[PDB]
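1. opening with a subset of the complex:
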Amino acid sequence: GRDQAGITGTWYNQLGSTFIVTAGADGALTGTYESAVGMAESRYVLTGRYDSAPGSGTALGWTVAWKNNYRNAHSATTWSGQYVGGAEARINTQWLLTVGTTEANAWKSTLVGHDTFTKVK
Amino acid sequence: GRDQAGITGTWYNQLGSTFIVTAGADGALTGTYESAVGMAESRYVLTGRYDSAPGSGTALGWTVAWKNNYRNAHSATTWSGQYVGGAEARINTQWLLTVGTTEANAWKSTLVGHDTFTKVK
């Protein structure tokens, strides 16, 4: 993949969170995510996909379900965005966080936000 | 997983699209997605995660990168939502679709929408 080498590795967001990803030649993303905010402790599995054949950014997305051996926040976040390489490489994303709720509370089950990931803290 | 059996199988959205998923005991989602709208032909790989231990819905998300052996739309969609079981089982989602763009066009790179998936067409 064009940006396979650029994506693989460790990324940090504006809040302190870290994620470590391997991009496969087949478009796969696999790794772990460690949050700095919210009901999250330690690492969580992440999986996703990217465009392996894009001047344009490389579109990608991934999911974390917020369950590991220390916490279950009954929720999942998806990040959708694009990787931009270079000396100031970035993964710029928007995200959706859905919490498991009763049907009566489903209208308020999904938060939206944005994260910018860089190679340095 | 509590809803592993409920999630695994074939789901249809309000637009005609189909997706087929296997939920693993470990929280993994793997399968294929076939769209009915947009720049999409045939099946695309999908991967995601769900809460394996939630009255509450089961939070989940998944990603499709819109590249296969017939099309490359240089884009990825993530769906975030919850599975609700029963006779009228549903996966209710919001989604984010990011297109790879130049930096100048990044402000207009992400679409948002919603899909409701059911077990019958």
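-> Perfect, I can see it now. Residues are numbered from 1 along each chain as shown, chains lettered A, B, ... in the order given.

2. nearest residue to residue A:115 other than its sequence neighbours?
-> By the measure of CB to CB, 6 or more residues apart in numbering or on different chains, the closest residue to residue A:115 outside its immediate chain neighbours is residue A:13, 4.4 Å from it. Bear in mind the C-beta positions are built from the backbone N, C-alpha and C, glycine included.

3. for the one you found, give me its contacts.
-> Under the criterion of CB atoms under 8 Å, 6 or more residues apart in numbering or on different chains, the contact list for residue A:13 reads A:19, A:36, A:115-117.

4. at 7 Å instead, please
-> By CB atoms under 7 Å, 6 or more residues apart in numbering or on different chains, the residues touching residue A:13 are A:115-117.

5. got a winner among the residues you listed for most neighbours?
-> Neighbour counts for these were taken using other CB atoms under 10 Å in any protein chain shown; the highest belongs to residue A:117, with 21 neighbours.

6. so that residue versus residue B:42, what's the distance?
-> Between residue A:117 and residue B:42 the computed distance is 32 Å (CB to CB, to the nearest Å).

7. one more: residue A:62?
-> Distance, residue A:62 to residue B:42, using CB to CB: 23 Å.

8. more neighbours: which of the two?
-> A side-by-side neighbour count of residue A:62 and residue B:42, using other CB under 10 Å, places residue A:62 first with 31 against 11.

9. for that one, list the residues it contacts.
-> For residue A:62, the contacting residues are A:29, A:46-48, A:79, B:63, by CB under 7 Å, 6+ apart.

10. just residue A:111 next, same as before
-> residue A:97.

11. again, but for residue A:15
-> Contacts of residue A:15 were listed using CB under 7 Å, 6+ apart, and they are A:36-37.

12. hmm, 10 Å instead?
-> For residue A:15, the residues meeting the contact criterion (CB atoms under 10 Å, 6 or more residues apart in numbering or on different chains) are A:35-38, A:113, A:115-116.

13. farthest-separated two in the contacts of residue A:62?
-> Set against one another by CB to CB, the contacts of residue A:62 have their most distant pair in A:47 and A:79, with a gap of 11.7 Å.

14. let's add chain C too:
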Amino acid sequence: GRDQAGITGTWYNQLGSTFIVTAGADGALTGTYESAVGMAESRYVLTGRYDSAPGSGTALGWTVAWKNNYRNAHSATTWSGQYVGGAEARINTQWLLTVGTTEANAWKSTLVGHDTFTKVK
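-> Placed with the earlier chains, chain C looks like this:
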């Protein structure tokens, strides 16, 4: 405005909420919104804008701050969408609900959802 007459009046969403709007020739929307869900009782002021000169839908949006003489939920919702006329007229929207929070909690301050409004309940 092309759809001024079509927009002006009373609309109902899928949850029971009601809103009453006047569309001005100048692109203004003014009216009241009464919710069926959440921390809301009675009517709230709404204001917005629409495209007065669009086969295409008419783009529009409006805001409600959730403060009236009975409740203050320290929050505001914006709806963005389009009006489609005809025998089955609809206003199809996505919405963002932001709650006032401390800076530490700002990452979780905005909910996202969707509402479909029709002329009949």
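
15. now that chain C has been added, could you go back to the contacts of residue A:15?
-> Residues in contact with residue A:15, defined by CB under 10 Å, 6+ apart, are A:35-38, A:113, A:115-116, C:107.

16. if you set the cut-off to 6 Å instead, what comes out?
-> The contact partners of residue A:15, by CB atoms under 6 Å, 6 or more residues apart in numbering or on different chains, come to A:36-37.

17. so which helix or strand takes in it?
-> Secondary structure here is read from DSSP states H and E; on that basis residue A:15 sits in neither a helix nor a strand.

18. got phi/psi on residue A:94?
-> In this entry, residue A:94 is assigned phi and psi values of phi -110, psi 160 (degrees, to the nearest 10).

19. quick one: it and residue C:95, what's the gap?
-> With distances taken as CB to CB, residue A:94 is found 16 Å from residue C:95.

20. tell me which residue in chain A sits closest to chain C.
-> When distances are taken as CB to the nearest CB, chain A reaches nearest to chain C at residue A:112, 4.1 Å away.

21. how about the strands in chain A?
-> Taking DSSP state E to define them, one finds strands in chain A at A:9-12, A:18-23, A:28-34, A:43-50, A:58-67, A:72-84, A:90-99, A:110-118.

22. relative to residue C:8, which of the ones you listed is closest?
-> Proximity of those to residue C:8 was assessed by CB to CB; the nearest stretch is strand A:110-118, lying at 30.8 Å.

23. can I get the CA coordinates of the closest one in PDB?
-> Backbone C-alpha positions of strand A:110-118 (Å, rounded to 0.1, in the frame of the first residue of the first chain) are rendered in PDB as follows:
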ATOM      1  CA  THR A 110     -24.000   8.800  20.200                       C
ATOM      2  CA  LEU A 111     -21.400  11.400  20.800                       C
ATOM      3  CA  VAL A 112     -19.400  13.100  18.000                       C
ATOM      4  CA  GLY A 113     -16.000  14.700  18.100                       C
ATOM      5  CA  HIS A 114     -12.600  15.000  16.300                       C
ATOM      6  CA  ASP A 115      -9.100  13.900  17.000                       C
ATOM      7  CA  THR A 116      -5.800  14.900  15.300                       C
ATOM      8  CA  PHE A 117      -3.000  12.300  15.500                       C
ATOM      9  CA  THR A 118       0.600  13.100  15.100                       C
END
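
24. could you also fit chain D onto it:
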Amino acid sequence: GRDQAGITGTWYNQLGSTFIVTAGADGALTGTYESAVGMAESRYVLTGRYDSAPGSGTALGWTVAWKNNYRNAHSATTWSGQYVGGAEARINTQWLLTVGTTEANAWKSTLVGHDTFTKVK
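-> To build on what is shown above, here is chain D added in:
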């Protein structure tokens, strides 16, 4: 309103755009928005609402329909967010931009993004 004086005036986003707003004691926002990106030239009317009685930010939102005497982009943007006062005052927002489309293209009618407004450029 607690933050009426703090909100009233001129704000600049990260892209260069400017908006000038008057906050009324009754929760009204009125003013003009001038974009730096997209199909926009000169000023457009904006209207919105804010929480006049919130440590917490002040929730607010507003709408711009992208029609003036120079351009009609057949679209409207809503911003939802919160005002935070102080020496580094900010209005932090998410936004939804809906374009008028045919029914067949409605699934791709709404863009999502974020803007941070400050009192200095």
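
25. and the contacts of residue A:111, now that chain D is in?
-> Neighbouring residues of residue A:111 by CB under 6 Å, 6+ apart: A:97, C:108, C:111.

26. mind doing that once more with 10 Å?
-> Contacts for residue A:111 were tallied using CB under 10 Å, 6+ apart; they are A:38, A:75, A:77, A:95-99, B:80, C:97, C:107-112.

27. for chain A, what lies in contact range of chain D?
-> Where proximity means CB under 10 Å from any CB of the partner chain, the interface of chain A facing chain D comprises A:80, A:94, A:96, A:112-114.

28. and the residue sitting furthest away from the middle of chain A, how far is that from chain B?
-> Counting by CA atoms, centre = their mean, the extreme residue of chain A relative to its mean C-alpha position is residue A:104, 28.7 Å from that point. In this view, residue A:104 and chain B are 10 Å apart by CB to the nearest CB, to the nearest Å.

29. what does residue A:88 give?
-> With the distance defined as CB to the nearest CB, residue A:88 ends up 11 Å from chain B.

30. tell me how many other residues crowd the nearest residue to that residue once chain neighbours are set aside.
-> Closest residue to residue A:88 apart from its sequence neighbours, by CB to CB, 6+ apart: residue A:118 at 7.7 Å. Neighbouring residues of residue A:118 were enumerated by other CB under 10 Å; the total is 14.

31. kindly report the residues of chain A close to chain C.
-> Counting by CB under 10 Å from any CB, the residues of chain A close to chain C are A:14-15, A:36-38, A:95-98, A:104-115.

32. those residues, buried ones only, as a ChimeraX selection?
-> The following ChimeraX line selects those of the residues of chain A next to chain C that are buried, judged by 16 or more other CB atoms under 10 Å in any protein chain shown:
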select /A:38,95,96,97,98,106,107,109,110,111,112,113,114,115
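
33. tell me the bridge partners for the residue in chain A positioned nearest to chain D.
-> Ranking the residues of chain A by distance to chain D (CB to the nearest CB) places residue A:114 first, at 4.9 Å. Per DSSP bridges, the residues bridged to residue A:114 are residue A:94.

34. from residue D:104, how far off is it?
-> On the measure of CB to CB, residue A:114 and residue D:104 end up 30 Å apart.

35. ditto for residue A:100
-> For residue A:100, the distance to residue D:104 - CB to CB - is 34 Å.
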